[PDB]
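Below you'll find only one chain, the form deposited in one PDB entry, shown as structure tokens.
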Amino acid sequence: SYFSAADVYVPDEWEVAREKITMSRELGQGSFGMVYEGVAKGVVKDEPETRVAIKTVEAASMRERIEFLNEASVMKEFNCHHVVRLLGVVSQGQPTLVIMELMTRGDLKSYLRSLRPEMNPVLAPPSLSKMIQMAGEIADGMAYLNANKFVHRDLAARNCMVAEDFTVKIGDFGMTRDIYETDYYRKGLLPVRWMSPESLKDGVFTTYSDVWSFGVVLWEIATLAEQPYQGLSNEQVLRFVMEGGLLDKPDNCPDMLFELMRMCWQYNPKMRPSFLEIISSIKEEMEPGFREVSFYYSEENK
């Protein structure tokens, strides 16, 4: 008469001794609990000590802490320079900890927003070169995911993060969705402004629609994270986009970058470039070391 439905967490080789962990600065607050910065011993090869991000959950329910552990654990499948790494778990005792790679400059949306001139002398908007470097890291990260049979479905600037050295990576899954909440629309909460026409039509997502979204992220970069289709309602976006409407070339946006956007925003998904193809087109523009750290240039990219 039935199959039993009891969710559980299973300690594995990602388990890390609590005593090896310390927490300092508060980074913010996630859905299950507060997240801190801190320091973890013995979690990176040949690194006695590593600065990390610690996502925590004693007042929470066991159902919740279980849900949090399993979800967070999704990130375990990934080992790529351009994807935020999970370094450990402390499931034993409380509070529950998940130890992540620290991205000191936060999420890309926030970072981009911080580049906006205050209302003093200011840094000029990011160069073509800088923007392109970002585009390529993001694309490398997505290529990796695709190679790993994954479809992201929520690729946006908010869902990328930024390291100390300014490297952009595919962010820890699901961290800005409730923060940048107006970037979503319950029509399931969907990132309508980032979505392909086909996805707006039948609610299916592919790698090809991830590419669409990639285009939108580039647009974000070039606008310092304006709201796409800023003048339009959520409902009006559905129609515009489904009807072949496109985002405008941002002021001062270098031609080349807008061209990139354009390849991504082709109506027919089958005509969009792949992430690999995207990287191939700009690889010469990439910082030297890309060849050493990228999925693209690795033996895994076969």
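In this text, the rigid core denotes the largest set of C-alpha atoms whose superposition between the two forms falls within 1.5 Å. From 1 onward, residues are counted along the sequence shown.
The same protein also has a form deposited in another entry, omitted here; what follows describes it.
When the two forms are superposed on their rigid core between this form and the one not shown, the C-alpha shift of 2 Å or more among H81, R177, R153, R105 belongs solely to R177. Comparing the forms between this form and the one not shown, the C-alpha position of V237 differs by less than 2 angstroms, with the core used for superposition. Fitting the two forms on the rigid core leaves the C-alpha of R272 displaced by under 2 angstroms between this form and the one not shown.
Taking 2 Å as the criterion, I66 counts as shifted between this form and the one not shown: its C-alpha moves by at least this amount when the rigid core is aligned. An increase of at least 3 Å in the separation of the C-alpha atoms of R177 and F205 is found in the other form, compared with the displayed form. Here's the thing about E64 and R153: their CA atoms end up at least 3 Å closer in the other form than they are in this form.
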